[PDB]
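K.L.:
Quick one: structure below, then a few questions.
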Amino acid sequence: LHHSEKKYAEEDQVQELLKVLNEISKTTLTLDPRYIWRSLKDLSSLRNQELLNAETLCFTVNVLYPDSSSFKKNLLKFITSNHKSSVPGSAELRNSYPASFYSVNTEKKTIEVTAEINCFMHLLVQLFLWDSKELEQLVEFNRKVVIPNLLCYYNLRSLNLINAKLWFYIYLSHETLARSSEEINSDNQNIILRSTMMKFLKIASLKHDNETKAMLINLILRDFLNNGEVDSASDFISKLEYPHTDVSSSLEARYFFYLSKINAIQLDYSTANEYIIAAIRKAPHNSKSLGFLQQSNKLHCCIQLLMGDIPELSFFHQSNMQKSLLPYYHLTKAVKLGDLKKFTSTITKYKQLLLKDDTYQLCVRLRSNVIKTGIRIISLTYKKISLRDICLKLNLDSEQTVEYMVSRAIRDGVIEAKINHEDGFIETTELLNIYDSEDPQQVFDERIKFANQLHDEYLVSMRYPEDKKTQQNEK
Amino acid sequence: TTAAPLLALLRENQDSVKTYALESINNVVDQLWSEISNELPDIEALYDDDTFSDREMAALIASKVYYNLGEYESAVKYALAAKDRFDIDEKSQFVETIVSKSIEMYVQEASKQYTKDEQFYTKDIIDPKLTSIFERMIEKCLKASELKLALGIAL
Amino acid sequence: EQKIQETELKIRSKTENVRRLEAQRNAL
Amino acid sequence: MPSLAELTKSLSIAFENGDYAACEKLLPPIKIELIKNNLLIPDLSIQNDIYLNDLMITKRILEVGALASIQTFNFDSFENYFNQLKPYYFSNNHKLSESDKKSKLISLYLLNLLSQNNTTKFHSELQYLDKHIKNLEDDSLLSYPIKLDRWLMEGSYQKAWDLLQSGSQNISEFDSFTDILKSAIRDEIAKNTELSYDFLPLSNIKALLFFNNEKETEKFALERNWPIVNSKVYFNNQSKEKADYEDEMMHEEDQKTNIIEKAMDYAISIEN
Amino acid sequence: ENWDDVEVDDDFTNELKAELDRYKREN
């Protein structure tokens, strides 16, 4: 029963291993093994549930174990394993073949097979752990082993993509352990984790690997947000080491998602408004990407309210995600109408929902945006309006309070008006008629630049996928 | 962890405080290099001081400032001022790089000065600091018994 | 081999500047 | 902490007796003793120590040195001792450090970034603390600088200026930042009246800037170069040379020539 | 649809007749 179960899944694993083994042996091809590893995550996740855990036991017995003898026993100890007589030395799939990792030349140490075998061995370990959701000692045991192993290897061009997906599980398993239980050792463990990310990122700068630095920057920028150091994130993004060429669309959307949150506290919403929009277009619309589109759209609605301009309300009702957008619907209504008591009562009941995403602190500063937007609305109504009539519509305190708020927004060019005290009304200084000025000409220049940029980007990849058609013999 | 408390002690006058504050930066680098770039003018100010004898450790950290930012032009100059503070046998990511970067600067400066005179290696025209680090890798190749890289690097 | 490893990017970089322009030149 | 065999613990004795100027003279000789001690900076070797001479004495020394610079109106030395005590609070989450001076020095740091008029680092440490909800609401010390900046950008100076003058908490140890923060409101109002107001009488500006004498209004107008007429002040709305930075964007004169030159460069980029 | 396409006003609905009443009375 259990004998035929281990031979079926192991044969499917070796079949996928021999495909990427011959591709890296001849010259250097990094494109083909990368496309297979994309589907490997989905095929292995479903396969780990079937045929239990016994598919990975004979794989370690097959190939030679540099470090991997005692690591599988520690993984099988937590599950209280019953003895099936799985002791190594029973099943032998090598049988002295060149593609089978010939044993005599391997045992004599005349050839080194450990490079591709050991780096691939650590990949299947983190996949089974993420399926069973194992924590505590098993998480710390892997972090201690992997770090010296990556420092010993020279990390060639093909070797940089093997551990590129392993760093994601290092930071993921550390955050799930802290949120599950808080202790004194969780803080000291994060100190070493910060130094490990920076040492490997600096080494990857010489190799100039596109996917390696893409996964690290996404994990490092998120670490600064949890640890709460802004000065580290400000200088980190100033170097601009993130390549835009071969990185995946899923990795690009995560990059622009962090820049919108960093610039949110810098009081510059001009550049932050573009990063949150570009992150939506780069993120897929599929079901697995719904988790990112849910959090990204919650930030976009908050940025527009911080800009003093009411965004388009059609995004809430037309989308199918409005169930989670209900708290943000009443926030825009309170800022637009300018009701003072409605805004205070909205953030009070929904404070629990806004605590998880940490957007409640930004809602505290929306209290100012309620009045600043209302002043902009009433200013665009009538060019000449009395001073005391403003306090009657918004139910303000006195005329001395509104006098400062109108002259406050004109510093950034918001209201664009003047207050006449001797006359008794506030006259708007905006006559429009910009058709005679040069201001629209500056915007028209940047629009054509976007056209010539896409034309050059159209030339980036055109003939490239067709380059292999001429060299390969056709009919 | 911020570099402000460790770099704030360099503005006073003491023998032990300047030493303890400087050695703390050499231990923790990859974490604190964000705020060190802004304090770099305060670090390079002690290098020109003749009464400051720790400049070997100060220039070693100042070399890591541009080394972490991607600029290898100034990272080689300040690294040579470390003298015994820079270990050849450490074989770390910083040692195996700056030494390799000094080899590239040795080739570019030799070919440009070869047309004027062929004796530049004997005279003082060439930087003698780049020559000392260049001969250390020569003896390193002799221990591995390789005559291709030993005679090939001098060509 | 610090200089050789840094120039390895030019292997596929110069290849795209030839094979791509070769088809556009031959078709023209 | 009583001092017996050493003068290190004697710093707390001189703090309660006053004379904060002499307390800064004892800081250099105490900090030298901390150089020979490797326990000044925490590391992984320390597991749990609740006793003195590890993290306990380092906090009290920095609290005295930080409050000593408050009386001398030195904000450069205050940042030196505060940035050393900041990691002693918590690395990530530390619940065993609580003191009356803990929330006091954090509030002083928020007043220093506002005194220099910097909204970058001031908006950072607000959301990132040990407790960013309970400590910033129920506690009146940490919530005091929050209501000052929130009402500053809101535009209400009626209830904002009351906390900087008639407030309860700004009297004793928080009065150092009052000489600056209060001067920030009069600078913003002075720049607001240069645009939306062509001329306004001198009787109103005295109440707008909260002045108890007319000599302060005339003296403040001379520093800002304001022409004075009878019972009124005039604003010519005079600007500086060009604007801001980033040359060839809304900065140098004759910007219409570069627009024509850039427009003629698109036809060349098409052929390339 | 959104904005005032749905919420509209929800005020001064039956009070429109009161505007003509106050005009024909207080006159």
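Chain identifiers are assigned as A, B, and so on, following the order in which chains appear in the structure tokens; residues are numbered from 1 within each chain, and ligands are numbered from 1 in order of appearance.
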Under the rule of at most 6 Å, produce a per-residue listing of chain A near chain D: chain, number, name, the closest pair of atoms, and the distance in Å, as JSON lines, using only C-alpha atoms.
P.N.:
{"residue": "A:187", "atom": "CA", "partner": "D:92", "partner_atom": "CA", "distance": 6.0}
{"residue": "A:228", "atom": "CA", "partner": "D:128", "partner_atom": "CA", "distance": 5.4}
{"residue": "A:265", "atom": "CA", "partner": "D:123", "partner_atom": "CA", "distance": 5.9}
{"residue": "A:266", "atom": "CA", "partner": "D:120", "partner_atom": "CA", "distance": 5.4}
{"residue": "A:368", "atom": "CA", "partner": "D:154", "partner_atom": "CA", "distance": 4.7}
{"residue": "A:401", "atom": "CA", "partner": "D:156", "partner_atom": "CA", "distance": 5.5}
{"residue": "A:404", "atom": "CA", "partner": "D:155", "partner_atom": "CA", "distance": 5.6}
{"residue": "A:405", "atom": "CA", "partner": "D:155", "partner_atom": "CA", "distance": 4.3}
{"residue": "A:407", "atom": "CA", "partner": "D:192", "partner_atom": "CA", "distance": 5.6}
{"residue": "A:418", "atom": "CA", "partner": "D:196", "partner_atom": "CA", "distance": 3.8}
{"residue": "A:419", "atom": "CA", "partner": "D:196", "partner_atom": "CA", "distance": 5.3}
K.L.:
Residues of the last selection are to be written out with C-alpha atoms, as a PDB file, in the first residue's frame.
P.N.:
ATOM      1  CA  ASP A 187      12.216  41.119  19.599  1.00  0.00           C
ATOM      2  CA  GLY A 228       8.709  51.959  12.605  1.00  0.00           C
ATOM      3  CA  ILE A 265       3.464  61.064   5.959  1.00  0.00           C
ATOM      4  CA  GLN A 266       5.770  63.350   3.936  1.00  0.00           C
ATOM      5  CA  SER A 368      -8.992  69.236   9.347  1.00  0.00           C
ATOM      6  CA  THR A 401     -11.839  81.390  13.612  1.00  0.00           C
ATOM      7  CA  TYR A 404      -7.544  82.262   9.831  1.00  0.00           C
ATOM      8  CA  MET A 405      -8.758  79.133   8.023  1.00  0.00           C
ATOM      9  CA  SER A 407      -6.025  82.574   4.660  1.00  0.00           C
ATOM     10  CA  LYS A 418      -8.695  87.507  -1.037  1.00  0.00           C
ATOM     11  CA  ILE A 419     -10.441  88.766   2.101  1.00  0.00           C
TER      12      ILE A 419
END
K.L.:
Hey, what's within 9 Å of residue 224 of chain A if we count only C-alpha atoms and toss same-chain stuff fewer than 6 positions away? As a ChimeraX atom specification, please?
P.N.:
/A:230,232-233
K.L.:
Print the selection's residues with N, CA, C and O atoms to a file, as a compact mmCIF listing (two decimals), in the first residue's frame.
P.N.:
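What landed in part_36.txt:
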# COMPACT_ATOMS: atom_id res chain seq x y z
N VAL A 230 11.36 55.47 9.76
CA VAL A 230 11.14 56.15 8.49
C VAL A 230 12.47 56.55 7.85
O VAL A 230 12.63 56.49 6.63
N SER A 232 15.23 55.06 7.76
CA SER A 232 15.85 53.96 7.02
C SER A 232 15.20 53.77 5.66
O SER A 232 15.88 53.39 4.70
N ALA A 233 13.89 54.01 5.56
CA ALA A 233 13.20 53.85 4.28
C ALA A 233 13.43 55.03 3.34
O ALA A 233 13.35 54.86 2.12
K.L.:
For a quick test of understanding: name the residues of chain E lying within 10 Å of chain A when counting only C-alpha atoms, and present them as a ChimeraX atom specification.
P.N.:
/E:1-4
K.L.:
List the neighbours of residue 135 of chain B out to 12 Å using only C-alpha atoms; skip same-chain residues closer than 6 positions along the sequence, and give me the result as a count of residues only.
P.N.:
12
K.L.:
For chain B, report every residue with an atom at most 12 Å from chain C (counting only C-alpha atoms), formatted as an NGL selection string.
P.N.:
:B and (96-105 or 107-108 or 149 or 153)
K.L.:
Select from segment 60-242 of chain A everything DSSP, run on the backbone, classes as alpha helix (DSSP H), then give the selection as JSON, numbers by chain.
P.N.:
{"A": [60, 61, 62, 69, 70, 71, 72, 73, 74, 75, 76, 77, 103, 104, 105, 106, 107, 114, 115, 116, 117, 118, 119, 120, 121, 122, 123, 124, 125, 126, 127, 128, 129, 130, 131, 132, 137, 138, 139, 140, 141, 142, 143, 144, 145, 146, 147, 148, 149, 150, 151, 152, 166, 167, 168, 169, 170, 171, 172, 173, 174, 175, 176, 177, 178, 179, 180, 185, 186, 187, 188, 189, 190, 191, 192, 193, 194, 195, 196, 197, 198, 199, 200, 201, 202, 203, 204, 205, 206, 207, 210, 211, 212, 213, 214, 215, 216, 217, 218, 219, 220, 221, 222, 223, 224, 225, 226, 227, 230, 231, 232, 233, 234, 235, 236]}
K.L.:
Any chance you could tabulate, as a tab-separated table, the residues of chain B at most 7 Å from chain A with each one's nearest atom pair and distance in Å to one decimal, using only C-alpha atoms, in chain and rising number order?
P.N.:
residue	atom	partner	partner_atom	distance
B:30	CA	A:198	CA	5.7
B:31	CA	A:195	CA	6.0
B:34	CA	A:232	CA	5.3
B:69	CA	A:239	CA	6.8
K.L.:
Which value, in Å to one decimal, gives the distance between atom CA of residue 279 of chain A and atom CA of residue 446 of chain A?
P.N.:
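The value is 20.6 Å.
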K.L.:
One decimal, in Å: what's the spacing between atom CA of residue 215 of chain D and atom CA of residue 185 of chain D?
P.N.:
18.6 Å
K.L.:
Can you tell me, as a PyMOL selection string, what residues are no more than 8 Å from segment 138-146 of chain D when counting only C-alpha atoms, ignoring any on the same chain fewer than 4 positions away?
P.N.:
chain D and resi 103-104+106-107+110-111+134+150+169
K.L.:
With N, CA and C atoms retained, export the selected residues as a tab-separated table (two decimals), in the first residue's frame.
P.N.:
chain	number	residue	atom	x	y	z
D	103	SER	N	7.02	59.60	29.29
D	103	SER	CA	6.11	60.33	28.42
D	103	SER	C	6.42	61.83	28.39
D	104	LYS	N	7.19	62.33	29.35
D	104	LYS	CA	7.54	63.74	29.37
D	104	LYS	C	8.60	64.07	28.33
D	106	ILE	N	9.35	62.29	25.67
D	106	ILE	CA	8.82	62.03	24.33
D	106	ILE	C	8.01	63.23	23.85
D	107	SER	N	7.23	63.84	24.75
D	107	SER	CA	6.49	65.04	24.38
D	107	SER	C	7.43	66.20	24.07
D	110	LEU	N	8.66	65.86	20.48
D	110	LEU	CA	7.68	66.29	19.49
D	110	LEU	C	7.62	67.81	19.40
D	111	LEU	N	7.91	68.51	20.50
D	111	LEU	CA	7.93	69.96	20.49
D	111	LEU	C	9.20	70.52	19.85
D	134	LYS	N	-3.51	54.13	23.32
D	134	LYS	CA	-3.84	54.45	24.70
D	134	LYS	C	-2.98	55.59	25.24
D	150	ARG	N	-2.27	69.49	14.98
D	150	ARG	CA	-3.53	69.17	14.30
D	150	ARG	C	-4.38	70.42	14.11
D	169	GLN	N	-0.26	72.57	31.25
D	169	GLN	CA	0.93	71.72	31.20
D	169	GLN	C	2.18	72.44	30.72
K.L.:
Between D:147, D:86, D:25, D:59, which has the minimum distance to chain B (counting only C-alpha atoms)?
P.N.:
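Of D:147, D:86, D:25, D:59, the one nearest chain B, counting only C-alpha atoms, is D:86.
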K.L.:
Please compute the atom CA of residue 64 of chain D-atom CA of residue 116 of chain D distance, one decimal, in Å.
P.N.:
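Computed distance, atom CA of residue 64 of chain D to atom CA of residue 116 of chain D, equals 23.2 Å.
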K.L.:
So that I can check the surroundings of residue 177 of chain A, please list as a VMD selection string every protein, DNA and RNA residue that reaches within 9 Å of it, counting only C-alpha atoms and ignoring chain neighbours fewer than 6 positions away.
P.N.:
chain A and resid 135 to 136 139 186
K.L.:
Can you list, as a PyMOL selection string, every protein, DNA or RNA residue that comes within 9 Å of segment 88-105 of chain A when you count only C-alpha atoms, leaving out same-chain residues fewer than 6 positions away?
P.N.:
chain A and resi 7+18+21-22+57-58+60-64+111+113
K.L.:
With N, CA and C atoms retained, export the selected residues as an mmCIF file, in the first residue's frame.
P.N.:
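The new file result_13.cif reads:
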data_model
loop_
_atom_site.group_PDB
_atom_site.id
_atom_site.type_symbol
_atom_site.label_atom_id
_atom_site.label_comp_id
_atom_site.auth_asym_id
_atom_site.auth_seq_id
_atom_site.Cartn_x
_atom_site.Cartn_y
_atom_site.Cartn_z
ATOM 1 N N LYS A 7 6.586 5.827 -4.701
ATOM 2 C CA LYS A 7 7.231 5.758 -6.008
ATOM 3 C C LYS A 7 6.533 6.631 -7.043
ATOM 4 N N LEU A 18 14.881 16.731 -13.651
ATOM 5 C CA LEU A 18 15.765 16.479 -14.784
ATOM 6 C C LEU A 18 15.569 17.488 -15.907
ATOM 7 N N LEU A 21 17.714 20.413 -14.838
ATOM 8 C CA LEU A 21 19.102 20.039 -14.593
ATOM 9 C C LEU A 21 19.941 20.130 -15.862
ATOM 10 N N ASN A 22 19.393 19.686 -16.995
ATOM 11 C CA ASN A 22 20.136 19.736 -18.250
ATOM 12 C C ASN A 22 20.170 21.139 -18.840
ATOM 13 N N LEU A 57 10.462 11.868 1.786
ATOM 14 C CA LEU A 57 11.394 11.047 2.552
ATOM 15 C C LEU A 57 12.355 10.305 1.631
ATOM 16 N N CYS A 58 11.825 9.646 0.599
ATOM 17 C CA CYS A 58 12.674 8.890 -0.315
ATOM 18 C C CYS A 58 13.482 9.791 -1.239
ATOM 19 N N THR A 60 15.178 12.397 -0.237
ATOM 20 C CA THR A 60 16.427 12.604 0.486
ATOM 21 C C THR A 60 17.286 11.345 0.478
ATOM 22 N N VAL A 61 16.656 10.169 0.476
ATOM 23 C CA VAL A 61 17.410 8.919 0.440
ATOM 24 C C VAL A 61 18.058 8.725 -0.926
ATOM 25 N N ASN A 62 17.352 9.095 -1.994
ATOM 26 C CA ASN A 62 17.849 8.949 -3.358
ATOM 27 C C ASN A 62 19.162 9.702 -3.538
ATOM 28 N N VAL A 63 19.105 11.031 -3.493
ATOM 29 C CA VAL A 63 20.304 11.844 -3.652
ATOM 30 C C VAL A 63 21.146 11.784 -2.382
ATOM 31 N N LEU A 64 22.429 12.110 -2.527
ATOM 32 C CA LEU A 64 23.325 12.145 -1.379
ATOM 33 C C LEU A 64 22.981 13.333 -0.489
ATOM 34 N N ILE A 111 33.506 14.174 -8.257
ATOM 35 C CA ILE A 111 32.630 15.176 -8.850
ATOM 36 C C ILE A 111 31.760 15.756 -7.744
ATOM 37 N N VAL A 113 28.125 17.060 -6.971
ATOM 38 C CA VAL A 113 26.709 17.177 -7.298
ATOM 39 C C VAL A 113 25.940 17.983 -6.264
#
K.L.:
What's around residue 121 of chain B at 12 Å? Count only C-alpha atoms, leave out sequence neighbours fewer than 3 positions away in its own chain, and write the answer as a PyMOL selection string.
P.N.:
chain B and resi 106-107+109-111+113-114+117-118+124-132+134+154
K.L.:
Pull C-alpha atoms from the residues just selected and write them as a PDB file, in the first residue's frame.
P.N.:
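Saved as selection.pdb:
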ATOM      1  CA  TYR B 106      45.467  49.815 -11.125  1.00  0.00           C
ATOM      2  CA  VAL B 107      44.964  48.751 -14.752  1.00  0.00           C
ATOM      3  CA  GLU B 109      45.867  54.230 -14.352  1.00  0.00           C
ATOM      4  CA  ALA B 110      48.774  52.149 -15.683  1.00  0.00           C
ATOM      5  CA  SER B 111      47.738  52.199 -19.350  1.00  0.00           C
ATOM      6  CA  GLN B 113      50.630  56.578 -17.795  1.00  0.00           C
ATOM      7  CA  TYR B 114      52.384  53.971 -19.961  1.00  0.00           C
ATOM      8  CA  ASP B 117      56.947  56.746 -19.467  1.00  0.00           C
ATOM      9  CA  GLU B 118      57.469  52.995 -19.152  1.00  0.00           C
ATOM     10  CA  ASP B 124      56.505  57.874  -7.733  1.00  0.00           C
ATOM     11  CA  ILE B 125      54.225  58.837 -10.647  1.00  0.00           C
ATOM     12  CA  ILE B 126      51.906  55.921  -9.863  1.00  0.00           C
ATOM     13  CA  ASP B 127      50.110  55.901  -6.517  1.00  0.00           C
ATOM     14  CA  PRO B 128      52.228  53.735  -4.164  1.00  0.00           C
ATOM     15  CA  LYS B 129      49.146  52.933  -2.064  1.00  0.00           C
ATOM     16  CA  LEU B 130      47.625  51.050  -5.006  1.00  0.00           C
ATOM     17  CA  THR B 131      50.937  49.235  -5.559  1.00  0.00           C
ATOM     18  CA  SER B 132      51.122  47.791  -2.036  1.00  0.00           C
ATOM     19  CA  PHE B 134      48.443  45.044  -5.781  1.00  0.00           C
ATOM     20  CA  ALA B 154      51.289  41.941 -14.770  1.00  0.00           C
TER      21      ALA B 154
END
